[PDB]
$ cat query_18.cif   # mmCIF, C-alpha atoms and all ligand atoms
data_target
loop_
_atom_site.label_atom_id
_atom_site.label_comp_id
_atom_site.auth_asym_id
_atom_site.auth_seq_id
_atom_site.Cartn_x
_atom_site.Cartn_y
_atom_site.Cartn_z
CA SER A 2 98.77 101.78 116.28
CA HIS A 3 98.14 98.01 116.17
CA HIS A 4 95.86 98.46 113.17
CA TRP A 5 96.54 95.71 110.60
CA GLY A 6 99.03 96.24 107.80
CA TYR A 7 101.77 94.41 105.96
CA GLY A 8 104.68 94.73 108.42
CA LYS A 9 106.39 92.24 110.70
CA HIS A 10 104.15 93.13 113.65
CA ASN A 11 100.78 93.71 111.95
CA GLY A 12 101.00 91.78 108.69
CA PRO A 13 99.01 88.82 107.20
CA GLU A 14 100.19 86.25 109.78
CA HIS A 15 98.59 88.41 112.50
CA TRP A 16 95.30 89.13 110.78
CA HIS A 17 93.42 86.06 112.09
CA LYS A 18 93.56 87.41 115.67
CA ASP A 19 91.11 90.17 114.78
CA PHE A 20 89.54 88.50 111.75
CA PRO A 21 89.18 84.74 112.35
CA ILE A 22 87.77 84.17 108.84
CA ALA A 23 91.41 84.60 107.74
CA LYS A 24 91.58 80.82 108.22
CA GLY A 25 88.34 80.10 106.35
CA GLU A 26 87.54 77.78 103.45
CA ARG A 27 87.20 80.45 100.70
CA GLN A 28 90.13 82.83 101.28
CA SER A 29 91.94 84.84 98.58
CA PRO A 30 94.30 85.20 96.84
CA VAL A 31 95.20 81.79 95.44
CA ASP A 32 97.62 80.23 92.97
CA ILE A 33 96.03 79.52 89.57
CA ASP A 34 97.35 76.21 88.24
CA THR A 35 96.82 76.14 84.48
CA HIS A 36 96.78 72.34 84.48
CA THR A 37 93.95 72.06 87.01
CA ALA A 38 91.93 75.21 86.22
CA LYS A 39 89.47 73.51 83.81
CA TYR A 40 87.51 75.11 80.94
CA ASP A 41 83.85 75.54 81.98
CA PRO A 42 81.16 75.87 79.21
CA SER A 43 78.51 77.15 81.63
CA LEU A 44 80.67 80.36 81.53
CA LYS A 45 79.65 83.32 79.35
CA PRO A 46 81.90 86.01 77.83
CA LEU A 47 82.42 88.85 80.22
CA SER A 48 80.52 92.09 79.66
CA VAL A 49 82.59 95.03 80.82
CA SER A 50 80.64 98.25 80.36
CA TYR A 51 82.89 101.15 81.34
CA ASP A 52 83.04 104.80 80.28
CA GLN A 53 84.39 108.11 81.51
CA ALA A 54 83.37 108.91 85.09
CA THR A 55 83.04 112.61 86.02
CA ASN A 56 83.43 112.80 89.82
CA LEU A 57 85.96 110.53 91.49
CA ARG A 58 88.21 110.62 94.56
CA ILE A 59 91.77 109.37 94.97
CA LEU A 60 93.09 108.57 98.45
CA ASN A 61 95.86 106.93 100.50
CA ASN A 62 94.28 104.79 103.24
CA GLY A 63 97.63 103.48 104.59
CA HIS A 64 97.14 100.10 102.83
CA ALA A 65 96.92 101.13 99.14
CA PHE A 66 95.55 104.03 97.13
CA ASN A 67 91.94 103.87 96.00
CA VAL A 68 90.26 105.58 93.11
CA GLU A 69 86.58 105.80 94.08
CA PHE A 70 83.56 106.34 91.78
CA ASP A 71 81.08 108.97 93.08
CA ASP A 72 78.72 109.52 90.16
CA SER A 73 75.18 108.58 91.29
CA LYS A 76 77.16 103.80 85.44
CA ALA A 77 80.24 101.48 85.02
CA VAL A 78 79.07 97.87 85.30
CA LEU A 79 80.21 94.30 85.00
CA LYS A 80 77.86 91.49 83.91
CA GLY A 81 78.13 88.11 82.22
CA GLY A 82 80.96 85.64 82.69
CA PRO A 83 80.13 83.65 85.89
CA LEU A 84 77.89 86.39 87.30
CA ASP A 85 74.14 86.52 87.73
CA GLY A 86 72.81 90.08 87.48
CA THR A 87 74.57 93.44 87.41
CA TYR A 88 77.62 94.50 89.43
CA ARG A 89 78.46 98.21 89.78
CA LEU A 90 82.05 99.49 89.93
CA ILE A 91 82.71 101.32 93.22
CA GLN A 92 86.51 101.67 93.31
CA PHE A 93 89.82 100.25 92.15
CA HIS A 94 93.24 99.90 93.72
CA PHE A 95 96.54 98.04 93.26
CA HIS A 96 98.89 95.70 95.10
CA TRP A 97 102.58 95.83 94.25
CA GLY A 98 106.05 94.83 95.31
CA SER A 99 109.37 96.58 95.73
CA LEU A 100 112.08 97.41 93.17
CA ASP A 101 113.59 94.06 94.16
CA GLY A 102 110.45 91.89 93.97
CA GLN A 103 107.17 90.90 92.36
CA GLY A 104 103.97 92.00 94.04
CA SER A 105 100.84 90.46 92.57
CA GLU A 106 98.42 88.69 94.91
CA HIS A 107 97.24 85.91 92.59
CA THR A 108 99.94 83.76 90.96
CA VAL A 109 99.85 81.68 87.79
CA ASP A 110 101.70 78.37 88.00
CA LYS A 111 103.45 79.81 91.08
CA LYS A 112 104.60 82.85 89.06
CA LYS A 113 104.01 86.32 90.56
CA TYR A 114 103.45 89.39 88.38
CA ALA A 115 104.91 92.80 89.14
CA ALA A 116 101.57 94.15 90.44
CA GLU A 117 97.82 93.51 90.40
CA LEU A 118 94.83 95.82 89.74
CA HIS A 119 91.52 95.17 91.50
CA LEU A 120 88.30 96.69 90.10
CA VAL A 121 85.75 96.20 92.85
CA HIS A 122 82.04 95.81 91.95
CA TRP A 123 78.96 95.17 94.09
CA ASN A 124 75.73 93.45 93.19
CA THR A 125 73.02 96.09 92.55
CA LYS A 126 70.37 93.70 93.89
CA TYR A 127 71.52 94.66 97.44
CA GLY A 128 70.90 98.40 97.37
CA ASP A 129 74.24 99.36 98.96
CA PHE A 130 77.81 98.17 99.47
CA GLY A 131 77.38 97.37 103.18
CA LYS A 132 74.54 94.92 102.52
CA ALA A 133 76.44 93.41 99.58
CA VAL A 134 79.59 92.43 101.50
CA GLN A 135 77.44 90.27 103.79
CA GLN A 136 76.41 87.92 100.95
CA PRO A 137 78.29 85.25 98.92
CA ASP A 138 77.10 86.80 95.64
CA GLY A 139 77.74 90.34 96.93
CA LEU A 140 80.99 91.41 95.23
CA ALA A 141 82.80 90.76 91.95
CA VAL A 142 86.42 91.74 91.77
CA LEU A 143 88.03 91.94 88.33
CA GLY A 144 91.77 91.34 88.82
CA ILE A 145 94.31 92.31 86.15
CA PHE A 146 98.01 91.56 86.33
CA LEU A 147 100.62 94.18 85.63
CA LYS A 148 103.98 93.48 84.06
CA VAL A 149 106.74 96.00 83.45
CA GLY A 150 107.15 97.04 79.82
CA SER A 151 105.86 100.02 77.88
CA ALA A 152 103.65 102.59 79.63
CA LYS A 153 99.90 102.09 79.97
CA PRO A 154 98.50 105.42 78.64
CA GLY A 155 95.21 105.03 80.50
CA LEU A 156 97.08 104.71 83.84
CA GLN A 157 99.00 107.96 83.41
CA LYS A 158 96.25 110.26 84.80
CA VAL A 159 96.32 108.18 88.03
CA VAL A 160 100.11 108.18 88.34
CA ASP A 161 100.26 111.94 87.70
CA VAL A 162 98.32 112.75 90.91
CA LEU A 163 99.98 110.29 93.32
CA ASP A 164 102.37 112.97 94.66
CA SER A 165 99.32 114.71 96.18
CA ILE A 166 98.33 111.69 98.31
CA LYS A 167 101.82 110.65 99.46
CA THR A 168 100.87 109.87 103.08
CA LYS A 169 98.17 107.97 104.88
CA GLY A 170 94.93 109.86 105.24
CA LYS A 171 95.51 112.18 102.24
CA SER A 172 92.72 112.41 99.68
CA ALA A 173 92.07 114.49 96.61
CA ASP A 174 89.33 115.38 94.17
CA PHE A 175 89.86 113.48 90.89
CA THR A 176 87.78 114.17 87.78
CA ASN A 177 87.18 112.75 84.29
CA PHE A 178 88.62 109.24 84.36
CA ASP A 179 87.72 106.32 82.11
CA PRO A 180 88.67 102.83 83.44
CA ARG A 181 88.39 101.39 79.92
CA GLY A 182 92.01 102.54 79.63
CA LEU A 183 93.12 99.95 82.25
CA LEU A 184 91.93 96.80 80.40
CA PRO A 185 94.02 94.44 78.24
CA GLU A 186 92.88 93.39 74.74
CA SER A 187 91.59 89.93 75.74
CA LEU A 188 88.85 89.31 78.31
CA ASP A 189 89.78 85.63 78.71
CA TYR A 190 89.63 84.85 82.46
CA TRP A 191 89.77 82.43 85.38
CA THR A 192 87.08 82.49 88.07
CA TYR A 193 86.60 81.12 91.56
CA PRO A 194 84.66 81.97 94.80
CA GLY A 195 86.76 83.71 97.36
CA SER A 196 87.27 86.64 99.67
CA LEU A 197 88.49 90.12 100.19
CA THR A 198 92.29 89.88 100.30
CA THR A 199 92.34 92.43 103.14
CA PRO A 200 90.39 92.73 106.41
CA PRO A 201 87.62 92.13 106.87
CA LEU A 202 88.47 89.16 104.60
CA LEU A 203 84.78 88.42 104.04
CA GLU A 204 83.93 85.49 101.76
CA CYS A 205 81.69 87.56 99.51
CA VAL A 206 83.70 87.74 96.28
CA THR A 207 83.38 86.22 92.80
CA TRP A 208 86.96 86.54 91.52
CA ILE A 209 87.46 87.18 87.83
CA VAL A 210 91.16 87.23 86.98
CA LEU A 211 92.15 88.14 83.44
CA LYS A 212 94.59 85.89 81.65
CA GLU A 213 96.26 88.74 79.76
CA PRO A 214 98.38 91.20 81.85
CA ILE A 215 98.62 94.89 81.10
CA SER A 216 102.04 96.49 80.55
CA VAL A 217 103.03 99.52 82.65
CA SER A 218 106.36 101.36 82.57
CA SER A 219 108.99 101.22 85.32
CA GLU A 220 108.41 104.97 85.69
CA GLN A 221 104.70 104.40 86.35
CA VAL A 222 105.21 101.69 89.02
CA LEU A 223 108.01 103.76 90.56
CA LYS A 224 105.34 106.35 91.48
CA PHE A 225 103.39 103.63 93.37
CA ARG A 226 106.54 102.83 95.36
CA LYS A 227 107.07 106.46 96.41
CA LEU A 228 103.84 106.41 98.39
CA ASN A 229 104.05 106.05 102.15
CA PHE A 230 102.32 103.72 104.65
CA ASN A 231 102.92 106.35 107.32
CA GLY A 232 101.04 109.60 108.05
CA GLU A 233 102.50 113.05 107.38
CA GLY A 234 105.35 113.99 109.75
CA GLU A 235 106.06 110.38 110.84
CA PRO A 236 109.18 108.42 109.78
CA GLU A 237 109.10 107.34 106.12
CA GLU A 238 107.90 103.76 105.50
CA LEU A 239 107.58 103.27 101.73
CA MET A 240 104.32 101.63 100.58
CA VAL A 241 105.63 98.47 98.92
CA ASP A 242 104.75 94.75 99.24
CA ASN A 243 101.12 95.40 100.11
CA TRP A 244 100.05 91.90 99.06
CA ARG A 245 98.74 88.87 100.91
CA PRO A 246 100.23 85.38 100.37
CA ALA A 247 98.30 82.73 98.50
CA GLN A 248 95.77 80.85 100.56
CA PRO A 249 94.67 77.19 100.43
CA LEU A 250 92.08 76.38 97.74
CA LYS A 251 90.44 73.78 100.05
CA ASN A 252 87.32 72.46 98.32
CA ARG A 253 87.16 75.04 95.51
CA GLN A 254 87.60 74.66 91.77
CA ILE A 255 89.05 77.38 89.58
CA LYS A 256 87.32 77.52 86.19
CA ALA A 257 88.71 78.89 82.92
CA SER A 258 86.70 80.80 80.29
CA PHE A 259 89.06 79.61 77.56
CA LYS A 260 90.63 76.40 76.29
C1 LIG B 301 85.87 98.82 100.20
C2 LIG B 301 86.61 97.72 99.50
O1 LIG B 301 86.57 97.55 98.30
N1 LIG B 301 87.40 96.95 100.30
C3 LIG B 301 88.21 95.96 99.82
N2 LIG B 301 89.01 95.28 100.61
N3 LIG B 301 89.76 94.32 99.91
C4 LIG B 301 89.53 94.34 98.64
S1 LIG B 301 90.31 93.29 97.49
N4 LIG B 301 91.84 93.41 97.74
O2 LIG B 301 89.88 91.96 97.81
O3 LIG B 301 90.04 93.85 96.19
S2 LIG B 301 88.35 95.50 98.20
ZN ZN B 302 92.69 100.09 107.65
ZN ZN B 303 92.87 94.35 96.32
#
$ encode --input "query_18.cif" --output "structure tokens"
Amino acid sequence: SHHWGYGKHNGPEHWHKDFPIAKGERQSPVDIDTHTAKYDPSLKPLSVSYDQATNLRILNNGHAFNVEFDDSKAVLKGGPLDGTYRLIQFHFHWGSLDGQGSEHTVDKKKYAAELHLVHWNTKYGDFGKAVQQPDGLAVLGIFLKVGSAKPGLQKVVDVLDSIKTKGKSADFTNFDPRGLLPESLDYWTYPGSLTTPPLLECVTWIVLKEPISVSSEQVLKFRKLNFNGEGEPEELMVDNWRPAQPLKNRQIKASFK
């Protein structure tokens, strides 16, 4: 298949052929330069209102694994946002044993991995309408570094063996994303895009300053996933990140001095 991916023949340098907005003015990720990302006082503290979700789904879509929220609850408000944004899913980007694998960088420094909690603006009635609008999505990005285990990640890691290959999905119940947050909600924000096709410029990025620590054993489980489908040759799911994109006219703002 010539479906997009992260390989030599289908990776980020190819994406613009099917998705011309890849070369747009508000593409993500970007490098966050601490000397030019200015403190903005128009910015409020973030309001992250999460709790245990009952019915979820975990799946390997050949690009990452998603944990999807199916309850008909978890919302993000405040910070740079107007209105209420509902959590729909989260997923990660990561590197190999030999490399870093965040999407955003800070002063050109990459973190081991990056968590994306994807939220859509409830004003729009559904996700498909939301992605068509500049205020449609809010993605809360959280860096991962390797250290001690993140207890609230363990339930996710424990079920990754069951979705090893592309197309596998599984029922997943009783998960609280509060367990994925760092202590501080200090953040940077800027207007940007989905970091994967369709690369739509519909995202308010909120990137937390404080990384979470995960164990090498936890991230190892990420790296044992496969890009390929069952029965095909093994291609380990690693380095599923897009390179940093030009800031162009944008300003990155900081919630903190
Ligand atoms: C359905 C959905 O959430 N699609 C996404 N595609 N890219 C995303 S990202 N990396 O910008 O968080 S989210
Ligand atoms: Zn796809
Ligand atoms: Zn992502």
$ atom_distance --input "query_18.cif" --atom1 "CA of residue 72 (chain A)" --atom2 "CA of residue 91 (chain A)"
9.6 Å
$ residues_around --input "query_18.cif" --residues "region 224-233 of chain A" --least-positions-apart "2" --cutoff "6 Å" --atoms "all atoms listed in the file" --output "JSON, numbers by chain"
{"A": [63, 167, 168, 169, 221, 222, 235, 238, 239, 240, 241]}
$ closest_atom_pairs --input "query_18.cif" --of "chain A" --to "ligand LIG 301 (chain B)" --cutoff "6 Å" --atoms "all atoms listed in the file" --output "JSON lines"
{"residue": "A:119", "atom": "CA", "partner": "B:LIG301", "partner_atom": "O3", "distance": 5.1}
{"residue": "A:121", "atom": "CA", "partner": "B:LIG301", "partner_atom": "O1", "distance": 5.7}
{"residue": "A:197", "atom": "CA", "partner": "B:LIG301", "partner_atom": "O2", "distance": 3.3}
{"residue": "A:198", "atom": "CA", "partner": "B:LIG301", "partner_atom": "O2", "distance": 4.0}
{"residue": "A:199", "atom": "CA", "partner": "B:LIG301", "partner_atom": "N3", "distance": 4.5}
$ residues_around --input "query_18.cif" --residues "residue 258 (chain A)" --least-positions-apart "2" --cutoff "6 Å" --atoms "all atoms listed in the file" --output "number ranges by chain"
A: 40, 189-190
$ write_last_selection --input "query_18.cif" --atoms "C-alpha atoms" --output "PDB file, keeping the file's coordinate frame"
ATOM      1  CA  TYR A  40      87.510  75.110  80.940  1.00  0.00           C
ATOM      2  CA  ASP A 189      89.780  85.630  78.710  1.00  0.00           C
ATOM      3  CA  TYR A 190      89.630  84.850  82.460  1.00  0.00           C
TER       4      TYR A 190
END
$ residues_near_ligand --input "query_18.cif" --ligand "ligand ZN 303 (chain B)" --cutoff "9 Å" --atoms "all atoms listed in the file" --output "PyMOL selection string"
chain A and resi 65+93-96+106+117-121+142+144+197-199+244
$ residues_around --input "query_18.cif" --residues "residue 140 (chain A)" --least-positions-apart "2" --cutoff "7 Å" --atoms "only C-alpha atoms" --output "PyMOL selection string"
chain A and resi 122-124+133-134+138+142+205-207
$ atom_distance --input "query_18.cif" --atom1 "CA of residue 88 (chain A)" --atom2 "CA of residue 184 (chain A)"
17.1 Å
$ closest_residue --input "query_18.cif" --among "A:109, A:146, A:170, A:212" --to "ligand ZN 302 (chain B)" --atoms "only C-alpha atoms and all ligand atoms"
A:170
$ residues_near_ligand --input "query_18.cif" --ligand "ligand ZN 302 (chain B)" --cutoff "9 Å" --atoms "all atoms listed in the file" --output "PyMOL selection string"
chain A and resi 4-6+62-64+199-200
$ atom_distance --input "query_18.cif" --atom1 "CA of residue 162 (chain A)" --atom2 "CA of residue 92 (chain A)"
16.4 Å
$ residues_around --input "query_18.cif" --residues "residue 80 (chain A)" --least-positions-apart "4" --cutoff "7 Å" --atoms "all atoms listed in the file" --output "VMD selection string"
chain A and resid 47 to 49 84 86 to 88
$ decode --input "query_18.cif" --residues "region 191-218 of chain A" --atoms "N, CA and C atoms" --output "mmCIF file, in the first residue's frame"
data_model
loop_
_atom_site.group_PDB
_atom_site.id
_atom_site.type_symbol
_atom_site.label_atom_id
_atom_site.label_comp_id
_atom_site.auth_asym_id
_atom_site.auth_seq_id
_atom_site.Cartn_x
_atom_site.Cartn_y
_atom_site.Cartn_z
ATOM 1 N N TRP A 191 3.073 26.284 27.002
ATOM 2 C CA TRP A 191 3.170 27.094 25.801
ATOM 3 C C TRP A 191 1.982 26.828 24.879
ATOM 4 N N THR A 192 1.589 27.859 24.102
ATOM 5 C CA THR A 192 0.477 27.694 23.184
ATOM 6 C C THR A 192 0.769 28.400 21.883
ATOM 7 N N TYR A 193 0.262 27.806 20.809
ATOM 8 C CA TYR A 193 0.314 28.398 19.471
ATOM 9 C C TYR A 193 -0.736 27.737 18.563
ATOM 10 N N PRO A 194 -1.205 28.432 17.492
ATOM 11 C CA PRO A 194 -2.098 27.867 16.485
ATOM 12 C C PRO A 194 -1.331 26.978 15.525
ATOM 13 N N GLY A 195 -1.848 25.775 15.326
ATOM 14 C CA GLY A 195 -1.202 24.898 14.385
ATOM 15 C C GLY A 195 -2.143 23.856 13.817
ATOM 16 N N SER A 196 -1.598 22.636 13.648
ATOM 17 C CA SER A 196 -2.229 21.654 12.788
ATOM 18 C C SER A 196 -2.160 20.279 13.442
ATOM 19 N N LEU A 197 -2.928 19.375 12.872
ATOM 20 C CA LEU A 197 -2.684 17.962 13.056
ATOM 21 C C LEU A 197 -1.275 17.668 12.557
ATOM 22 N N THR A 198 -0.560 16.805 13.286
ATOM 23 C CA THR A 198 0.821 16.473 12.918
ATOM 24 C C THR A 198 0.839 15.238 12.019
ATOM 25 N N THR A 199 -0.353 14.731 11.672
ATOM 26 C CA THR A 199 -0.505 13.651 10.706
ATOM 27 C C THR A 199 -1.554 14.038 9.690
ATOM 28 N N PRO A 200 -1.568 13.407 8.490
ATOM 29 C CA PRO A 200 -2.687 13.592 7.572
ATOM 30 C C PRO A 200 -3.992 13.416 8.331
ATOM 31 N N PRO A 201 -4.992 14.285 8.096
ATOM 32 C CA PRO A 201 -4.961 15.249 6.978
ATOM 33 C C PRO A 201 -4.305 16.622 7.171
ATOM 34 N N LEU A 202 -3.560 16.779 8.269
ATOM 35 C CA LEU A 202 -2.701 17.933 8.543
ATOM 36 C C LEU A 202 -3.495 19.232 8.559
ATOM 37 N N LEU A 203 -4.779 19.138 8.936
ATOM 38 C CA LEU A 203 -5.634 20.323 8.910
ATOM 39 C C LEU A 203 -5.221 21.327 9.983
ATOM 40 N N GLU A 204 -5.342 22.616 9.621
ATOM 41 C CA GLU A 204 -4.922 23.715 10.480
ATOM 42 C C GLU A 204 -6.094 24.115 11.366
ATOM 43 N N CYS A 205 -6.423 23.232 12.301
ATOM 44 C CA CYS A 205 -7.612 23.346 13.123
ATOM 45 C C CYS A 205 -7.293 23.217 14.597
ATOM 46 N N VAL A 206 -6.014 23.329 14.986
ATOM 47 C CA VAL A 206 -5.584 22.951 16.321
ATOM 48 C C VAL A 206 -5.026 24.140 17.118
ATOM 49 N N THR A 207 -5.566 24.311 18.341
ATOM 50 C CA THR A 207 -4.898 25.114 19.371
ATOM 51 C C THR A 207 -3.970 24.191 20.146
ATOM 52 N N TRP A 208 -2.651 24.344 19.963
ATOM 53 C CA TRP A 208 -1.697 23.516 20.714
ATOM 54 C C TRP A 208 -1.471 24.123 22.092
ATOM 55 N N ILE A 209 -1.537 23.218 23.082
ATOM 56 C CA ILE A 209 -1.187 23.472 24.457
ATOM 57 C C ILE A 209 -0.156 22.421 24.843
ATOM 58 N N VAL A 210 1.080 22.855 25.000
ATOM 59 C CA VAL A 210 2.196 21.962 25.314
ATOM 60 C C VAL A 210 2.684 22.278 26.722
ATOM 61 N N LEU A 211 2.632 21.248 27.572
ATOM 62 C CA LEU A 211 3.020 21.435 28.966
ATOM 63 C C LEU A 211 4.535 21.541 29.092
ATOM 64 N N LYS A 212 4.948 22.440 29.974
ATOM 65 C CA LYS A 212 6.352 22.692 30.233
ATOM 66 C C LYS A 212 6.983 21.511 30.951
ATOM 67 N N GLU A 213 6.250 20.916 31.890
ATOM 68 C CA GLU A 213 6.792 19.835 32.716
ATOM 69 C C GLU A 213 6.549 18.495 32.033
ATOM 70 N N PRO A 214 7.604 17.690 31.757
ATOM 71 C CA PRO A 214 7.434 16.338 31.227
ATOM 72 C C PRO A 214 6.936 15.399 32.323
ATOM 73 N N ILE A 215 6.349 14.274 31.896
ATOM 74 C CA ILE A 215 6.128 13.145 32.779
ATOM 75 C C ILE A 215 7.278 12.160 32.626
ATOM 76 N N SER A 216 7.565 11.417 33.704
ATOM 77 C CA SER A 216 8.563 10.351 33.687
ATOM 78 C C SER A 216 7.854 9.014 33.491
ATOM 79 N N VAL A 217 8.386 8.199 32.568
ATOM 80 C CA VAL A 217 7.939 6.847 32.314
ATOM 81 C C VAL A 217 9.193 5.962 32.381
ATOM 82 N N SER A 218 9.005 4.676 32.670
ATOM 83 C CA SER A 218 10.140 3.778 32.809
ATOM 84 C C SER A 218 10.592 3.290 31.441
#
